[PDB]
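Have a look at the structure below, then the notes.
A quick note on method: Cβ atoms are made from the backbone with ideal geometry, for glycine too, and the neighbour counts reach across all protein chains shown. Each answer follows from the model by the rule given with it, or from the source it names; none is laboratory data.
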Amino acid sequence: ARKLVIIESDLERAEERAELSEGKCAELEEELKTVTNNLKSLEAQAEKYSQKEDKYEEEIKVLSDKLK
Amino acid sequence: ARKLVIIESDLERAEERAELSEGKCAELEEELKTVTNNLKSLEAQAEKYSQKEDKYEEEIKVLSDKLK
Amino acid sequence: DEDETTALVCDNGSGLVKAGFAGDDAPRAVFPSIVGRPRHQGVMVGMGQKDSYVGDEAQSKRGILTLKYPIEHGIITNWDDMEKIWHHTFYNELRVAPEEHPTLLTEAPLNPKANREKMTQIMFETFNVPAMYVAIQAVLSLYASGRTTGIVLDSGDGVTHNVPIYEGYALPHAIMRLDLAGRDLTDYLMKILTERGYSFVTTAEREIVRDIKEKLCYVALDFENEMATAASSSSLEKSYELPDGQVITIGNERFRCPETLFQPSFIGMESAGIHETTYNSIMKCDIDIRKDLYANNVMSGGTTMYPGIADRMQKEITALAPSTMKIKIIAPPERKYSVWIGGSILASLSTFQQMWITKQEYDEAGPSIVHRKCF
Amino acid sequence: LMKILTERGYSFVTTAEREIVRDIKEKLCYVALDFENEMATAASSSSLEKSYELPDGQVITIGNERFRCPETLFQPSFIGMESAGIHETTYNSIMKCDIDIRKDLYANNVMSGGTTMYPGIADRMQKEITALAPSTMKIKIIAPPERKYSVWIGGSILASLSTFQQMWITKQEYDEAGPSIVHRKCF
Amino acid sequence: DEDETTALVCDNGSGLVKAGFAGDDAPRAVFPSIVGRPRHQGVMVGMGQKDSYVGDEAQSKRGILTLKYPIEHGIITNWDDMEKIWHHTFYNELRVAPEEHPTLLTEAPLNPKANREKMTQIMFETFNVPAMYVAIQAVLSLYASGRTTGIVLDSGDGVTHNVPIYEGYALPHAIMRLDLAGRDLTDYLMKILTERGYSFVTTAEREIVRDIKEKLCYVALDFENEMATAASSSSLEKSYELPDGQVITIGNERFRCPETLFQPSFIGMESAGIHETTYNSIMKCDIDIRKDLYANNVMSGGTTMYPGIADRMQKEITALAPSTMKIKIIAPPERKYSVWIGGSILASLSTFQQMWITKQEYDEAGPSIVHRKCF
Ligand SMILES: Nc1ncnc2c1ncn2[C@@H]1O[C@H](COP(=O)(O)OP(=O)(O)O)[C@@H](O)[C@H]1O
Ligand SMILES: Nc1ncnc2c1ncn2[C@@H]1O[C@H](COP(=O)(O)OP(=O)(O)O)[C@@H](O)[C@H]1O
Ligand SMILES: [Ca+2]
Ligand SMILES: [Ca+2]
């Protein structure tokens, strides 16, 4: 009978720690979803910017030749 | 005796999902910090690439005028 | 809203249907085009199966669905299913009756004459449609900018169309029809994945390929230089833990499939890259028409959102073609709805009366009334 | 059980006492969570030695005998067969179906039968299923509490259904299509 | 025989291994692919069990053998066993060393890239093989007749292959890979026998099914008409007194299982009958290529020896397909060794040098040397 009362004291402790973790875990997952969205977004722009400078330098090289 | 087993089982079930959640939550939290750092890093590079290709835009323009 | 019949706006393809309310700017309901059976026996009593499952209902639970494709470029294996596909759109979501408002549809260039009449028969005879019309995909994406001189390339899941529609339409051949879009890309990947062992067999997971594709996969700028880059494991190995439970490191698989676009030789055909077909539509027209065509090239279709699709065009077009004018391609950012933007217009035009078909007009000139008078 | 009890000397021979085994079983016997760790626990005489004074008159301390027999469930190798544990057969029924059917199957697994009332029968499933199988969906097994009558609950329904007429057999229907009438038409 | 290294000839599958001496025409030793354990405890001292039992040794005494299948389409659960399976072939029967003669193997189309290297590693590193190669099943059955224009369908126990290899190989997709051959047939019968009560459970008697199958069982010409024939007890009830001691009247069980071939719907898939896949490989290629394909269709594989396998093809192919050319299928009588006949050739070819791999060639281009250069 006494053990029936003691066993309950440990149950509530694990339930709260699990809920508290789930609360932050979901928040971190949501945050990650937002960050990863901008990550690939910036990566796409970075790749685009890299494509621009490559074409610019190529054209500039031609302009220099024609200038001379 | 049966009630004890029912609750005792719940403790094992609560403890299991708690250590599992906290374990992954901690791993996730640590991962977010790494991803966030990568975001800040990539964003910085993208900024340098953006300001660079823009400098070429005004450079390729002035050269086109001198060529003309 | 209330006064005046108020017409709807729609755009059906061979993969994704675009339809919303009336007088809108963009599609409100875009349900997938899928309809299969329960090869299995439904629970048979846990509903009298039937409904092959469709809309968000089917797409949500593919698992036990033998997705049967009805519309394959031109031929519709069965029309009976299409009847109950349209019985869901206007009612279940829009909550409006077609026996009250007109209707607008899209025309797949060079489609069997018998098809355009079979459809209209469903409307006029059963759904009682005194007013409707079926316009041409690309031309709609046009009338929505600020010039009467641009070449358009519209495509998605159906077939590719290189339509140099700017000042007018139809003269020698110029325009092109190529069965190589959307569904073709989804079908090619599974074949190439077999080299690594991965083999998405059934038609259900076949769709998962398309879903995964539009998130990370991109187009190869230059397959030669990117091949040597494979030595590194940073830009290649991409992470995508299957919602099921098995990571697929799509590294050299992302920029491998798109190469087929520029190299139709990998799909048993003599068709050249999309930059040759560009010449094929330019060399035909007059000589004093080119300088301004290069200055404006419309690229519509959500398919043209793959990273590395526009920057490649400037590399191949400037190669084997005149190079003393302004080479410029207009690739609208959200170019998937470019047809929908133009669709909302035609439905509101008044000159539209000069083009559309009236109830009685269908009986006087017979079924051919449509493409026997218009183009 | 009677076969394994012979190692300790106990040998319930005739088929009458064979039933007594089943009676005693459903009162204390339980399933081993992990036979490895529970074996070392045998050193102690608290969780092992169980009391059950035979209604006849001879105690049988079923300690390591309780969680020994159930092990056969997960290890059919102890009964001369190649069949794997019930967690492999689970995969055997999942790998066959379509690919886009799994994520929701794990989210729902019905376990019926009063046999699944042995302490340590459900908690083991989560350990073995999550091991060699996809692990990014909701692993969830529905083990109805009183799952023995789950068939009886559904039985009372069919007997009251009207659509049942579309399925059942009528007197004359048995003579027209012969004896095979039943499983020659239905499934 | 003596002079010149003289190469061997082999052809390993996922069910039956074909290997003989050198310069031969047909396999000299065809041992079964089985390797299990003594779940039981061997007598444990009445030999240190080990040897899962193999070759005529295991097949002779299945009884106390838990036949463990190592090679299941693509994935090999364990490679350690394969090492001692090949240590028996070259020595115990052939009595010749691979550290002296070259070696020839078969390639299962679309097999993980990692597998072709893992195998070669066993040869080059341990069995010291300065010269070997791994050719493609179907293509071998070809080069052995008298024409350079025929479509081949090769299969046995592994997986089905519809390879239209005649003038060349590989273009769009045409070719097909289907996990439905041999082992699949042996696995399906036991499931269907349960309807009558018979339930061959363990994997040992599972093999007995395959043994009994290849003696009386046949394919249904038309399941509809043959069902009404069941009323009679002459063409149905077949006699086969179990070598153990219990007759099994395989009447409607003989022509029931083969129906799955034409109806893959009975094994949870959308794949159509083998006569649809035929169209699937013909419709892809050019238009002016068909008339001669129908005039020649190679059907290889001992699986195609079931009574009622060829006559059905003429019924279904002539149905939904062009019908103004010569419909003709070449089904070689003994078509099981068609691959072995072609194998003895490649091993003797000199042009083979242009294709094979040399010791040093494996180190210069790394492990991928094989399928990174060839196809
Ligand atoms: N964000 C995106 N990025 C790249 N492709 C996309 C994106 N969204 C959708 N798609 C693709 O666009 C195609 C559908 O475009 P859509 O214009 O509806 O085609 P269609 O009208 O020919 O059916 C599909 O191949 C889909 O994967
Ligand atoms: N005489 C025969 N008639 C019909 N089937 C046969 C005959 N002899 C062998 N088989 C079958 O052929 C198959 C083995 O053929 P094989 O070419 O060795 O296959 P694989 O190479 O795919 O292992 C087995 O299914 C076997 O039962
Ligand atoms: Ca389209
Ligand atoms: Ca084979």
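For the stretch C:168-199, which residues satisfy the criterion of being in contact with an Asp or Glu (Cβ under 9 Å, 6 or more places away or on another chain) and away from chain E (no Cβ under 14 Å)?
Selection gives C:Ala181, C:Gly182.
Determine whether E:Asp179 is touching a residue at least 40 places away in the same chain (Cβ under 8 Å) and within 30 Å of D:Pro76 (Cα to Cα).
yes
If we scan the stretch B:37-53, do we find a residue that is in a helix (DSSP H, G or I), of a type in the set (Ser, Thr, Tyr), touching a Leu at 6+ places or on another chain (Cβ under 9 Å) and facing chain A (nearest Cβ under 7 Å)?
No, every residue in the stretch B:37-53 fails to be in a helix (DSSP H, G or I), of a type in the set (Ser, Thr, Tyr), touching a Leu at 6+ places or on another chain (Cβ under 9 Å) and facing chain A (nearest Cβ under 7 Å).
Kindly check whether there is at least one residue in the stretch C:52-67 that is of a type in the set (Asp, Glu), closer than 30 Å to D:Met95 by Cα and more than 16 Å from ligand 2 (Cβ to nearest atom).
There is at least one residue in the stretch C:52-67 that is of a type in the set (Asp, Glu), closer than 30 Å to D:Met95 by Cα and more than 16 Å from ligand 2 (Cβ to nearest atom).
So the check is Cβ under 7 Å with 6+ separation or different chains; which pairs have a first residue in the stretch E:93-113 that's not assigned by CATH to the domain that holds E:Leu346 and a second one that's within 16 Å of ligand 2 (Cβ to nearest atom) and assigned to a loop (DSSP other than H, G, I, E, B)?
none
Within the stretch B:15-37, take every residue that is surrounded by fewer than 14 Cβ atoms within 10 Å (Cβ to Cβ) and among the polar types (S, T, N, Q) and give me the one that is nearest to A:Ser21 (Cα to Cα).
B:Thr34
Which ranges mark the helices (runs of 4 or more DSSP H) fully within the stretch C:89-193 that have 1 or more residues being farther than 25 Å from C:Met305 by Cα?
Passing ranges, in order: C:113-125.
Using beta carbons and a limit of 8 Å, which pairs, at least six apart or on different chains, have the first residue in the stretch E:345-363 and without any contact (Cβ under 8 Å) to a residue 24 or more places away in the chain and over 21 Å from E:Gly23 (Cβ atoms) and the second one of a type outside the set (S, T, N, Q) and surrounded by 11 or more Cβ atoms within 10 Å (Cβ to Cβ)?
From the stretch E:345-363, the pairs are E:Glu361/E:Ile369.
Tell me which helices (runs of 4 or more DSSP H) are completely within the stretch C:196-282 and hold 3 or more residues being surrounded by 15 or more Cβ atoms within 10 Å (Cβ to Cβ), or say none if there are none.
The helices (runs of 4 or more DSSP H) meeting that bar are C:203-216, C:259-262, C:274-282.
Return the residues of the stretch C:10-35 that are in contact (Cβ under 8 Å) with a residue 60 or more places away in the chain and away from ligand 3 (no atom under 16 Å from the Cβ); say none if nothing qualifies.
Matches in the stretch C:10-35: C:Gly20, C:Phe21, C:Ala22, C:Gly23, C:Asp24, C:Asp25, C:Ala26, C:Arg28, C:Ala29, C:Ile34.
Output yes when any residue across the stretch A:24-35 is small (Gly, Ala, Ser), assigned to a helix (DSSP H, G or I) and more than 7 Å from every other protein chain (Cβ to nearest Cβ), and no when none is.
yes
Considering each residue of the stretch C:350-362, count those that are surrounded by fewer than 19 Cβ atoms within 10 Å (Cβ to Cβ) and either under 12 Å from C:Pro102 (Cβ atoms) or β-branched (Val, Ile, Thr) (or both), and give that number.
5
Every residue in the stretch D:96-128 that is out of contact with any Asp or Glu (no Cβ under 8 Å at 6 or more places or on another chain), of a type in the set (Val, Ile, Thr) and closer than 19 Å to C:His40 by Cα, please.
D:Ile101
A quick yes/no check of all residues on (1) among the small types (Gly, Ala, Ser); (2) in contact with a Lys or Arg (Cβ under 9 Å, 6 or more places away or on another chain):
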| position | (1), (2) |
| --- | --- |
| C:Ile309 | no, no |
| C:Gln314 | no, yes |
| C:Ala319 | yes, no |
| C:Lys326 | no, yes |
| C:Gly343 | yes, yes |
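Mind telling me which of the residues D:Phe74, D:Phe35 ends up being under 18 Å from the mean Cα position of the chain (by Cα), away from chain C (no Cβ under 14 Å) and surrounded by 12 or more Cβ atoms within 10 Å (Cβ to Cβ)?
D:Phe74
Pick out the one residue from E:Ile122, E:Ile175 that is among the aliphatic types (A, V, I, L, M), within 16 Å of ligand 4 (Cβ to nearest atom) and either over 24 Å from E:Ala19 (Cβ atoms) or not assigned by CATH to the domain that holds E:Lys326 (or both).
Testing whether each residue is among the aliphatic types (A, V, I, L, M), within 16 Å of ligand 4 (Cβ to nearest atom) and either over 24 Å from E:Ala19 (Cβ atoms) or not assigned by CATH to the domain that holds E:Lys326 (or both) leaves just E:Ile175.
Among the residues that make up the stretch C:117-133, is at least one of them in contact (Cβ under 8 Å) with a residue 24 or more places away in the chain, among the β-branched types (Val, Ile, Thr), surrounded by 17 or more Cβ atoms within 10 Å (Cβ to Cβ) and under 20 Å from C:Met313 (Cβ atoms)?
No, the stretch C:117-133 has no match at all.
Just to be sure, is C:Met176 among the aliphatic types (A, V, I, L, M) and in contact with a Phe, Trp or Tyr (Cβ under 6 Å, 6 or more places away or on another chain)?
Here the answer is no, as C:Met176 does not meet what is asked.
What number goes with the only condition from (1) more than 16 Å from ligand 1 (Cβ to nearest atom); (2) under 26 Å from C:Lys50 (Cα atoms); (3) among the polar types (S, T, N, Q) that C:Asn128 does not pass?
(2)
Residues of the stretch C:256-265 being free of Cβ contacts under 8 Å to residues at least 12 places away in the same chain and at the interface with chain E (Cβ under 10 Å from one of its Cβ atoms), which ones?
Matches in the stretch C:256-265: C:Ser265 only.
Can you report the number of residues in the stretch D:110-167 which are of a type in the set (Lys, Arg) and facing another protein chain (nearest Cβ under 10 Å)?
1
Taking C:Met305 as meeting all but one of (1) more than 14 Å from chain A (Cβ to nearest Cβ); (2) within 16 Å of ligand 3 (Cβ to nearest atom), write down the number of the exception.
(1)
The conditions are (1) more than 16 Å from ligand 4 (Cβ to nearest atom); (2) closer than 30 Å to E:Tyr133 by Cβ; (3) of a type in the set (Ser, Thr, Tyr); (4) away from chain D (no Cβ under 14 Å), and E:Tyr53 fails exactly one of them. Which is it?
(2)
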